[PDB]
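Notes follow the structure.
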Amino acid sequence: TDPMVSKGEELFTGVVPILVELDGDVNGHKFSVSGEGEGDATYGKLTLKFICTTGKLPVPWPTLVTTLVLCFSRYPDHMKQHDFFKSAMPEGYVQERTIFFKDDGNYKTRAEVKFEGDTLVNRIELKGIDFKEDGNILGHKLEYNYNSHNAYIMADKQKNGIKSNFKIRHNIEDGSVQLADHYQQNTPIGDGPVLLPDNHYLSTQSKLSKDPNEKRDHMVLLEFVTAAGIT
């Protein structure tokens, strides 16, 4: 048994409550999102409901899925020595992205993921610029659904963290695709040791739904993430 692995797995045993808080500004359209739910890392499983607390969300909900807790990914036993995300807990990590929407604007995000008591918290600031006010994002032309992806993870040694660059494809309501190229870096909040991984990937699937009794602008997310790519 690896005591560093045991430390991360004791934090994630059972069902862990999750809170997500985001403040955003996309082309000057300001908004806030609050999310709540629970994660069960044993099954790589997340269940979350997000509400736009400022009114109407000015971008499509699917474009925020990746921004809105990879510590809940299921790392196979033979790969648990590569789980940076849990190793940084409870002190947590910073997760930063630039997301380039092809032929449109970009989001830049900075988030802190850490425990507050029993609750795993994801606090995010999002800034979007250069969007077309008639494009697929500000024009709300994206279907309310989500595809399955693979995100390759690499060590980022001089940040004592990880980096990743992956593609997200959003279905457009005309049948086409809006690509969102993601560039990501994570770095620990604490000063203790973390697990720096060999190259691997995270395999994701997500299902978006609506709460039939909810009249606020919202998104229900069921998401599974599993690490793979190491023999």
Side-chain angles (χ1 to χ4, degrees), residues 2 4-5 8-9 12 20 39-46 48 62-89 92-114 120 122 124 126 128 142 145-171 177-189 193-208 221-231:
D2 186 324
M4 167 61 68
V5 172
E9 291 306 341
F12 288 89
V20 182
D40 196 341
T42 297
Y43 312 96
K45 178 179 185 173
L46 290 170
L48 290 167
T63 71
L64 298 185
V65 165
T66 54
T67 296
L68 294 166
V69 287
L70 296 171
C71 51
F72 290 103
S73 300
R74 179 176 75 79
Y75 273 74
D77 177 81
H78 77 280
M79 294 175 63
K80 280 178 190 188
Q81 72 265 38
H82 305 286
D83 187 350
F84 164 85
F85 307 102
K86 294 184 190 56
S87 79
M89 295 297 164
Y93 53 80
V94 179
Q95 177 163 294
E96 288 171 293
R97 295 209 181 92
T98 303
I99 302 170
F100 293 99
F101 293 89
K102 186 176 169 72
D103 299 306
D104 210 334
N106 62 91
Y107 297 161
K108 289 179 182 76
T109 66
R110 184 185 195 277
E112 296 185 5
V113 185
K114 70 187 75 164
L120 189 284
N122 183 18
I124 311 143
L126 178 150
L142 299 182
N145 51 37
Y146 214 80
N147 296 307
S148 296
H149 303 104
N150 296 310
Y152 273 76
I153 310 297
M154 303 173 88
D156 194 357
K157 285 212 291 323
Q158 217 159 27
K159 294 291 231 104
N160 200 34
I162 62 96
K163 62 188 181 181
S164 176
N165 68 267
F166 56 97
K167 293 184 178 296
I168 297 294
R169 295 187 164 85
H170 298 295
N171 285 3
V177 190
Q178 171 66 65
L179 177 61
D181 281 299
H182 281 57
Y183 293 79
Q184 175 178 338
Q185 283 178 286
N186 293 48
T187 186
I189 290 170
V194 292
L195 294 174
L196 299 177
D198 288 356
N199 295 348
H200 65 282
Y201 66 95
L202 300 182
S203 173
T204 62
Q205 61 208 129
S206 305
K207 171 191 170 200
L208 312 189
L221 170 68
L222 168 69
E223 181 160 285
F224 298 93
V225 187
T226 309
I230 287 182
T231 188

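Keep in mind that the numbers below use all heavy atoms, side chains included, and drop hydrogens, waters and symmetry copies. FYI, the numbering just counts along the sequence from 1.
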- Note on the structure: Taken to the nearest 0.5 Å, the spacing of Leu179 CG from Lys167 NZ works out to 4.5 Å

- In a check of side chain to side chain donor-acceptor pair (under 3.5 Å) between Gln184 and each of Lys163, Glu96, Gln95, which one passes? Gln95

- Note on the structure: d(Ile99 CD1, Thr109 OG1) to nearest 0.5 Å is 5.5 Å

- Message: Whether the side chain of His170 engages the backbone of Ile168 through a donor-acceptor N/O pair (distance < 3.5 Å, no angle test) should be reported.
- Response: no

- Query: Can you tell if the side chain of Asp156 reaches within under 4.5 Å of the side chain of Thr187, non-hydrogen atoms only?
  - Reply: no

- Item | Expected output: side-chain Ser164 to main-chain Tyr152 donor-acceptor under 3.5 Å | yes

- Task: For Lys102, look at atom NZ and say whether over 12 heavy atoms of other residues, nucleotides or ligands are found less than 6.0 Å away.
- Result: no

- Going by heavy atoms in the side chains, are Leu120 and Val69 under 4.5 Å from each other? yes

- Would you sort out whether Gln205 and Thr226 count as a side-chain contact (heavy atoms from CB on, under 4.5 Å), showing the intermediate values? CA-CA 9 Å; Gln205 61 208 129; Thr226 309; 5.8 Å; no

- Do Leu68 and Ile124 come close enough that some side-chain heavy atom pair is under 4.5 Å? yes

- State the CD1-CG distance between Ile153 and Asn199, to the nearest 0.5 angstrom. 10.0 Å

- Query: Parallel, tilted or perpendicular: which describes the rings of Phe85 and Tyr75, with under 30° parallel and over 60° perpendicular?
  - Reply: tilted

- Greater than 12 external heavy atoms within 6.0 Å of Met4's CE: yes

- Message: To check you understand the geometry: which heavy-atom pair defines the closest contact between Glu223 and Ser206, and what is its length?
- Response: OE1-OG, 2.8 Å

- Note on the structure: So CG of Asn165 and OG1 of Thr98: to nearest 0.5 Å the spacing works out to 12.0 Å

- Task: Determine, step by step, whether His149 and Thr66 satisfy the side-chain contact (heavy atoms from CB on, under 4.5 Å) criterion, reporting the C-alpha distance in whole Å, the side-chain angles of both residues, the deciding distance to 0.1 Å, and the verdict.
- Result: CA-CA 11 Å; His149 303 104; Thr66 54; over 6 Å; no

- Within 45° cone and under 6.0 Å: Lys86 NZ/CZ vs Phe12 ring: yes

